[PDB]
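Residue numbers start from 1 in every chain, and the chains themselves are labelled A, B, ... in the order their sequence lines are given, proteins ahead of strands. All heavy atoms count here, side chains included; hydrogens, waters and symmetry mates do not.
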There are 2 protein chains.
Amino acid sequence: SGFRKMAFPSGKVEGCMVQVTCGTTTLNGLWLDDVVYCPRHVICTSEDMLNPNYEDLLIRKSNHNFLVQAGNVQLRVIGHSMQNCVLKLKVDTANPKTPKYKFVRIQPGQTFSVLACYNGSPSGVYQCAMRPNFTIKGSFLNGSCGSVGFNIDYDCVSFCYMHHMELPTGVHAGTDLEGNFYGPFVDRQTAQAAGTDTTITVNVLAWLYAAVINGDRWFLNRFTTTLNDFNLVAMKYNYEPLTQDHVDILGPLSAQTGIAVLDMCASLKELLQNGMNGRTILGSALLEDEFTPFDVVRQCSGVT
Amino acid sequence: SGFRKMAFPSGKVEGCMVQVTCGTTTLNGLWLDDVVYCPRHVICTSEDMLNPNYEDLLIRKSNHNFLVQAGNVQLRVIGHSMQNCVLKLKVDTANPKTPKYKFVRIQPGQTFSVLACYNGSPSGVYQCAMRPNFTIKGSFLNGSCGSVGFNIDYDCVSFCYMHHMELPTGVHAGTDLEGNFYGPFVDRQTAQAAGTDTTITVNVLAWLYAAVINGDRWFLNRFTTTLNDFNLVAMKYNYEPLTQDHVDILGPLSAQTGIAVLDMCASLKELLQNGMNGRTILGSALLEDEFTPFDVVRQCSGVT
Ligand SMILES: *C(=C)CNC(=O)[C@H](NC(C)=O)[C@@H](C)O
Ligand SMILES: *C(=C)CNC(=O)[C@H](NC(C)=O)[C@@H](C)O
């Protein structure tokens with residue numbers, strides 16, 4: 001019993017973190033096989049960041065200008081290329097701790113663990129969600145760039161995020177491991193504003209299921225609703241529309257608790273309309289939306 | 001910027017987790033050097049748990065009755081002893097991944113990371129606090145016993161907790177690594193009720209400092225208070241008394257923000273008395289008390 005904002009064990013990713021220095025810029029890289037992946041803004045001065053031409057800045061850079069340090073041992077860079085907003089540095093040594101891995105581009109609402117790193121060294125691990133506006137609400141100081149987000153399926157690390165940017169509002173933007181930004185963001189020090197940070201409705205419902213499973217039941221009501229009726233109220237509260245696909249995904253949690261998905265929608269509708277009245281659910285005074293249905297099943301079943 | 005409930009990177013502890021089986025009971029052990037530490041209730045049937053005599057149950061157990069598996073390789077048990085509520089199993093192989101480590105007994109209000117494990121395998125990592133009633137609010141399913149709590153100082157893992165028990169209220173109890181329970185709890189399936197779960201005042205103040213550092217400032221008021229005046233209001237709201245020792249500990253956060261500790265106490269006093277009025281602080285609708293002053297400094301400075 002109990003339900004915690006839980007990250008994946010980080011060891012498999014700790015074994016991939018290196019330091020990348022180009023001139024006076026230091027950030028983190030991800031060493032998988034004989035490639036080190038890092039944000040391409042490693043080549044920029046903060047002056048360059050105001051309006052960088054990355055192809056032009058890269059002409060001035062050779063293999064030997066990219067200083068890669070794994071623990072306190074230097075890796076020899078034998079190649080470099082730009083792919084979208086990441087640099088791939090070919091090194092002469094395969095990472096011996098390379099886990100089974102994939103690169104995935106996640107959808108908004110999907111959750112992942114972040115291993116916050118400085119100078120190629122792990123500082124901490126926390127759980128994030130890709131917001132519907134393609135930001136994440138992270139904890140990232142200067143030097144944290146190249147920190148990665150990941151999911152683990154048994155022995156396979158799926159890398160879904162690399163940290164690049166803080167917006168002036170202090171929310172975070174980054175790329176998949178192909179170097180494509182999530183959302184419309186660019187690796188330039190210019191005015192970039194996030195869109196509406198809507199609530200991930202299917203995640204709130206999963207977490208309400210998690211609450212019922214863990215004995216928190218006060219909010220269960222005598223009502224049901226329809227997707228269309230629910231969605232009219234959802235829109236009013238800046239909640240994402242609920243689709244039949246989301247209902248299908250919540251099926252196993254419905255089965256386990258015996259609470260029809262649309263019944264739990266009607267409970268959520270009343271919580272939105274009435275508020276919490278000073279009550280808590282799983283120790284939160286607001287509706288949590290950074291647990292996926294898959295996260296709730298995983299934590300509630302003890303997957304390793 | 002941003003402030004997250006962040007755990008220590010877990011890799012160093014992942015390398016210590018093993019499976020311990022005695023008869024039909026399986027749980028987790030911690031392998032450090034040539035010793036495996038696990039809850040002594042590994043020797044119990046759930047029938048035994050109603051009123052176990054551990055010394056008598058242990059007479060029936062030999063080295064070869066303790067099945068220790070590290071990854072999918074069996075360790076040879078060459079010795080066993082009971083220390084308080086833990087068993088120490090001497091194995092013929094030093095754990096090659098043994099980190100620098102210490103055993104510490106933490107105080108209430110102190111935070112630590114938990115690596116939740118099943119069958120000696122890591123499922124996830126999350127941040128906890130030792131509650132003032134010496135429970136923790138964990139996420140622990142059957143099989144999670146022997147999961148450990150820890151802090152890391154650079155390269156040294158300080159192990160402070162081993163999971164033993166869920167109270168009927170679904171809160172958690174356990175021991176330090178000497179096998180001494182935190183609080184009055186016993187490893188027996190009997191009515192054990194937790195005392196008052198008070199709020200860790202010094203931790204709330206640290207987190208209010210964290211909020212100011214990260215741009216959340218709406219709750220800063222025009223008032224100050226005294227420790228005695230603050231404490232009269234604290235007691236009314238089931239907050240722990242604030243001592244001069246806590247004021248001293250918050251000194252660096254005071255210095256960094258220029259907000260006198262007693263000024264921040266007066267802000268907290270108004271938040272207790274007025275509530276949040278539907279507002280949030282660092283994305284919480286309640287006052288967070290599972291960040292220590294040391295945690296806020298660490299996360300705000302990016303220690304590795
Ligand atoms: C992103 C991580 C860019 N890197 C930095 O800003 C570095 N800052 C610190 C404090 O490490 C800088 C040395 O390049
Ligand atoms: C504490 C972890 C005691 N262990 C258990 O209850 C085990 N349960 C599961 C599901 O692993 C049992 C096999 O001994």
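- The OG atom of B:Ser10 sits 11.0 Å away from atom NZ of A:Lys12, with the distance rounded to the nearest 0.5 Å.
- With chain B as partner, the option from A:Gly170, A:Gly275, A:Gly124, A:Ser113 having the largest number of non-hydrogen pairs under 4.5 angstrom is A:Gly124.
- You'll find the side chain of B:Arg4 reaches within 4.5 Å of the side chain of A:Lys137, heavy atoms only.
- Side-chain contact between A:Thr304 and B:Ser123: present, with at least one pair of heavy atoms (C-beta onward) separated by less than 4.5 Å.
- In this structure, chain B has a heavy atom under 4.5 Å from the side chain of A:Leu115, while its backbone stays farther away.
- From B:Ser1, atom OG reaches atom CG of A:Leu167 across 11.5 Å, with rounding to the nearest 0.5 Å.
- Contact annotation for A:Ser301: only backbone heavy atoms (N, CA, C, O) come within less than 4.5 Å of a heavy atom of chain B.
- When each of A:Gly15, A:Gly2, A:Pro9 is scored by its heavy-atom pairs under 4.5 Å with chain B, the top score falls to A:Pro9.
- From B:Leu286, atom CG reaches atom OG of A:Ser284 across 6.0 Å, with rounding to the nearest 0.5 Å.
- Residue with the most contacts toward chain A among B:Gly215, B:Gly278, B:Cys300: B:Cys300 (heavy-atom pairs, distance under 4.5 Å).
- Environment of CG in A:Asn274: crowded, with over 12 heavy atoms of neighbouring residues, nucleotides or ligands closer than 6.0 Å.
- For B:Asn72, the CG atom sits in a loose shell: 12 or fewer heavy atoms of surrounding residues, nucleotides or ligands are nearer than 6.0 Å.
- A donor-acceptor pair under 3.5 Å is absent between the side-chain atoms of A:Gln299 and the main chain of B:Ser139, judged by distance alone.
- Annotation: maximal heavy-atom pairing with chain B below 4.5 Å, among A:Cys128, A:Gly143, A:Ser144, A:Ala7, occurs at A:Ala7.
- For chain B, no part of A:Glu288 is nearby; none of its heavy atoms comes within less than 4.5 Å.
- Chain A forms more heavy-atom pairs under 4.5 Å with one residue of B:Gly283, B:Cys117, B:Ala116, B:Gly138 than with any other, namely B:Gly138.
- The environment of B:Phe219 atom CZ is dense: over 12 non-hydrogen atoms of other residues, nucleotides or ligands sit within 6.0 angstrom.
- The local environment of CZ in A:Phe294 is sparse, with at most 12 non-hydrogen atoms from other residues, nucleotides or ligands closer than 6.0 Å.
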